[PDB]
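Here the structure is laid out as structure tokens; the discussion comes afterwards.
There are 2 protein chains.
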Amino acid sequence: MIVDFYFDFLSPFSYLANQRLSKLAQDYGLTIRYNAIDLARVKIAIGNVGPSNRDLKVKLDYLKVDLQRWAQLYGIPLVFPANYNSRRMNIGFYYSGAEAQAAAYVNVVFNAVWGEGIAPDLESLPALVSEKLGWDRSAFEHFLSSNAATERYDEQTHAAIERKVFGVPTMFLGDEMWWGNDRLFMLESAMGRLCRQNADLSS
Amino acid sequence: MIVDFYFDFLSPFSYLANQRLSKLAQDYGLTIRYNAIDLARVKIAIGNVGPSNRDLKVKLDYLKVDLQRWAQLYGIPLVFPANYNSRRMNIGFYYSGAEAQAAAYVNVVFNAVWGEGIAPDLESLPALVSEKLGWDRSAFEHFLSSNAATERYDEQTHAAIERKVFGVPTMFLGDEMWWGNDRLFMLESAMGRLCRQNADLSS
Ligand SMILES: COc1ccccc1/C(=C\C(=O)C(=O)O)SC[C@H](NC(=O)CC[C@H](N)C(=O)O)C(=O)NCC(=O)O
Ligand SMILES: COc1ccccc1/C(=C\C(=O)C(=O)O)SC[C@H](NC(=O)CC[C@H](N)C(=O)O)C(=O)NCC(=O)O
Numbered sequence: 001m002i003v004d005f006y007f008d009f010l011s012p013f014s015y016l017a018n019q020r021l022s023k024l025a026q027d028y029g030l031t032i033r034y035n036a037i038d039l040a041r042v043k044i045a046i047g048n049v050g051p052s053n054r055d056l057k058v059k060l061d062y063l064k065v066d067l068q069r070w071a072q073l074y075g076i077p078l079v080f081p082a083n084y085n086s087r088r089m090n091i092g093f094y095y096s097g098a099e100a101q102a103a104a105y106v107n108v109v110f111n112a113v114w115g116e117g118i119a120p121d122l123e124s125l126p127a128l129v130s131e132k133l134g135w136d137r138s139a140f141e142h143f144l145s146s147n148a149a150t151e152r153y154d155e156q157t158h159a160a161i162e163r164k165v166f167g168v169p170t171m172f173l174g175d176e177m178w179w180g181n182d183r184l185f186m187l188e189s190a191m192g193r194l195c196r197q198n199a200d201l202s203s
Numbered sequence: 001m002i003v004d005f006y007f008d009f010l011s012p013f014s015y016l017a018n019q020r021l022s023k024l025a026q027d028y029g030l031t032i033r034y035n036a037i038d039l040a041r042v043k044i045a046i047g048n049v050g051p052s053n054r055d056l057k058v059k060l061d062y063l064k065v066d067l068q069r070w071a072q073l074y075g076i077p078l079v080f081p082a083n084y085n086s087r088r089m090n091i092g093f094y095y096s097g098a099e100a101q102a103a104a105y106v107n108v109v110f111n112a113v114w115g116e117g118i119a120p121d122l123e124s125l126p127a128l129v130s131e132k133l134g135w136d137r138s139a140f141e142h143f144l145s146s147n148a149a150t151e152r153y154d155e156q157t158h159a160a161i162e163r164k165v166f167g168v169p170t171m172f173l174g175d176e177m178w179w180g181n182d183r184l185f186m187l188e189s190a191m192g193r194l195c196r197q198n199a200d201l202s203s
């Protein structure tokens, strides 16, 4: 079974969604197709140009509380980084190879930025992540500034916009799209219905 | 046990929250303190002046899907009215007396506007609601245009802003605030923890 997952490493709701999706992968063998995309571009595409919730202190104050409530439910830390400059690490997702290493990259980067609060534009973060993954630091860093890397990121952002993705985290199963860590329960219910049909427990 | 509930009849997520809160009231004896407030005013107060999700077609298209998913979970219809001009009916909440009649007003108006799709500024809706509640139509209609009615609505909107309410539906228990029908599960868990402490099942 396959779920398409759309995220931007600036998003703490995406950090939460990735944690829960990774557990489904490891606990149930769910297959995740990862897509790192530019939230800023998807928002401007659909006309969402007003002040971001990041810039509305009273709402951000509550969202910070919501985020801690979910981190406590999930048993994980959640620490705000000093900035939301996720472009380099989003692009770096496209260096990863097959599924294990794609998931490993997404997990290590989310845990660094939102689990530890490491700024996503820290100059040494590509090297730190390379060391963790067993990658060639110099080759990764060269990939990050290459034209082909930006093109792949732009290609995926555009495809997500064509698919009617307006935010992150966004998940698809079949023709159904959910937006939010707080809609993963509906994706899980749809997966169960498909598990039951396939097992002949349901028509 | 008391929950403060903040809603605007323009809000379909508030319609969903009111349905679930009313069931908690009727199934568990939860006490709800209802507050009809002006969403537009609370948004402008915290600086949320960008295009509304109402005006972003691609996001609204998804929100309409989310709304139907929840209406199906809850077993209720949800039908968009022709407009979101909820001021008169919000003000009319302040005609209601004690708890049963306050809940009855909120239920009947939400069911009319979002259960049946009746425009909230329909000129005959105050009379229709009066007939249902056993109220004097002429006295209600006079109340709706009175200065004292607007003042009470403005007073409650202002108090909600002072309380850091930025949207609807908003629920408080004690010092904890949740925003969204999709956070009622956390309010329900907090209520259960308090039920257990009070019963001496937990310290
Ligand atoms: C760094 O971003 C940030 C910090 C703290 C709180 C939220 C955010 C969001 C982004 C932001 O403010 C913008 O840059 O716009 S994360 C991206 C948004 N996701 C959600 O708000 C999911 C909310 C859920 N209810 C859930 O997951 O529980 C997002 O996609 N914004 C687009 C939109 O249309 O709102
Ligand atoms: C008529 O409003 C409407 C129609 C369809 C979909 C949403 C709405 C919302 C309001 C709107 O677009 C504005 O007028 O701004 S309902 C009010 C908002 N509530 C929510 O979006 C709750 C979302 C939850 N995840 C949930 O309940 O599941 C609202 O409070 N907006 C303020 C904000 O800061 O977003």
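Same order as they appear, the protein sequences are chains A and A'. A prime marks a further copy of an entry chain. Going left to right, the first sequence walks through residues 1 to 203 as PDB author numbering numbers them. Going left to right, the second sequence walks through residues 1 to 203 as PDB author numbering numbers them. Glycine residues also receive a C-beta, built at the ideal position from the N, C-alpha and C atoms.
Closer than 8 Å, Cβ to Cβ, to anything on chain A: give me those residues from the region 48-66 of chain A', in chain order. 48, 49, 50, 51, 55, 56, 57, 58, 59, 61, 62, 65, 66
So that I know if they touch, is there some Cβ in chain A lying closer than 8 Å to that of residue 76(A')? Here residue 76(A') is taken as the residue at index 76 of the second sequence, counted from 1. So, not an interface residue.
Ligand 2 heavy atom lying under 7 Å from the CB of residue 74(A'): As a working mapping, residue 74(A') is identified with position 74 in the second sequence. For residue 74(A'), the Cβ stays outside the 7 Å cut-off from all heavy atoms of ligand 2.
Can you confirm whether residue 164(A'), when its beta carbon is compared against all beta carbons of chain A, has any partner nearer than 8 Å? Against the second sequence, residue 164(A') aligns to sequence position 164. Yes, residue 164(A') counts as interfacial toward chain A.
Local Cβ density within 10 Å of residue 32(A), reported as buried at 16 or more and exposed below that: Looking up residue 32(A) in the first sequence gives position 32. Buried: at least 16 other Cβ atoms inside 10 Å.
Per DSSP, cross-strand counterpart(s) of residue 2(A'): Working through the second sequence from its first residue, we reach residue 2(A') at position 2. DSSP output for residue 2(A') lists 31(A') as bridge partner(s).
Just to confirm my understanding: we take residue 60(A'), look at its own chain, exclude 5 residues before and 5 after, and list those with CB closer than 7 Å. What are they? Walking along the second sequence from the start, residue 60(A') turns up at place 60. So the list reads 53, 54, once near-sequence residues are dropped.
Could you run through the region 164-186 of chain A' and flag, in chain order, every residue whose CB is less than 7 Å away from some CB of chain A? 164, 166, 177, 179, 182, 186
Let me know the secondary structure DSSP gives residue 123(A') once reduced to three states. As a first step, residue 123(A') is located in the second sequence; it is residue number 123 there, counting from the start. Looking at residue 123(A') - three-state DSSP - the assignment turns out to be coil, as it is neither helix nor strand.
Using a Cβ cut-off of 8 Å (strictly closer), state whether residue 196(A) contacts chain A'. For the purposes of this step, residue 196(A) is taken as the residue at position 196 of the first sequence. No, because no Cβ of chain A' sits closer than 8 Å to the Cβ of residue 196(A).
Could you round the C-beta distance between residue 157(A) and residue 3(A) to whole angstroms and report it? I think they count as a contact, below 8 Å. Along the first sequence, one-based indexing puts residue 157(A) at 157. Along the first sequence, one-based indexing puts residue 3(A) at 3. The pair is not a contact, with the Cβ atoms about 19 Å apart (cut-off 8 Å).
Cβ closer than 8 Å: which chain A' residues qualify as neighbours of residue 46(A)? Along the first sequence, read from residue 1 onward, the residue named residue 46(A) stands at position 46. Near residue 46(A) (Cβ distances below 8 Å), the residues of chain A' are 56, 57, 58, 59.
Just curious, the alpha helix (DSSP H) that residue 70(A) is in, first and last residue? In the first sequence, counting from the first residue as 1, residue 70(A) sits at position 70. For residue 70(A), the enclosing alpha helix (DSSP H) covers residues 57-74.
With 8 Å set as the bound, which would you pick, yes or no: does the beta-carbon of residue 69(A) sit closer than that to a beta-carbon of chain A'? The count along the first sequence starts at 1 and reaches residue 69(A) at position 69. Cβ-Cβ to chain A' under 8 Å: yes for residue 69(A).
Of the residues 186(A'), 164(A'), 99(A'), 195(A'), which one's Cα is nearest the Cα of residue 58(A)? The residue given as residue 58(A) occupies position 58 in the first sequence. Out of 186(A'), 164(A'), 99(A'), 195(A'), 164(A') has the C-alpha closest to the C-alpha of residue 58(A).
Quick check: the region 186-201 of chain A against the region 71-83 of chain A, are there 3 or more CB pairs under 8 Å? no
Which word fits residue 51(A'), buried or exposed, when buried means at least 16 other C-beta atoms lie within 10 angstroms of its C-beta? On the second sequence, residue 51(A') is found 51 positions in, with the first residue counted as 1. By the neighbour-count rule (16 or more Cβ atoms within 10 Å), residue 51(A') is not buried but exposed.
Any non-hydrogen atom of ligand 2 closer than 7 Å to residue 54(A') Cβ: Your numbering for residue 54(A') matches position 54 in the second sequence. Checking every heavy atom of ligand 2 against the Cβ of residue 54(A'), one is found closer than 7 Å.
Since residue 188(A) sits in a beta bridge, which residues does DSSP pair it with? Against the first sequence, residue 188(A) aligns to sequence position 188. According to DSSP, residue 188(A) bridges with nothing at all.
Run through DSSP, which three-state label would residue 208(A') get? As displayed, chain A' neither begins before 1 nor continues past 203, which places residue 208(A') out of reach and without an answer.
Cutting at 7 Å between CB atoms, please list the residues of its own chain near residue 1(A'), excluding the five before and the five after it. Numbered from its first residue, the second sequence carries residue 1(A') at position 1. 30, 31, 191, 194, listed in sequence order.
Tell me the rounded alpha-carbon separation between residue 137(A') and residue 128(A'). Here residue 137(A') refers to the residue found at position 137 when the second sequence is read from its first residue. Here residue 128(A') refers to the residue found at position 128 when the second sequence is read from its first residue. Using only the alpha carbons, I get a separation of about 9 Å.
Meets three-Cβ-pair contact criterion under 8 Å: the region 143-155 of chain A' and the region 60-71 of chain A': no
Put residue 80(A') into one of helix, strand or coil per three-state DSSP. Indexing the second sequence from 1 puts residue 80(A') at position 80. Looking at residue 80(A') - three-state DSSP - the assignment turns out to be coil, as it is neither helix nor strand.
Flag residue 182(A) as yes when its Cβ comes closer than 7 Å to any non-hydrogen atom of ligand 1, and as no otherwise. By 1-based counting over the first sequence, the position of residue 182(A) is 182. Yes, ligand 1 has a heavy atom inside 7 Å of this Cβ.
Nearest-angstrom Cβ-Cβ length linking residue 10(A) and residue 120(A), presumed shorter than 8 Å: Indexing the first sequence from 1 puts residue 10(A) at position 10. Indexing the first sequence from 1 puts residue 120(A) at position 120. Confirmed, Cβ separation roughly 7 Å.
Measuring only the C-alpha atoms, how far is residue 44(A') from residue 5(A')? Looking up residue 44(A') in the second sequence gives position 44. Looking up residue 5(A') in the second sequence gives position 5. Distance between the alpha carbons of residue 44(A') and residue 5(A') is about 20 Å.
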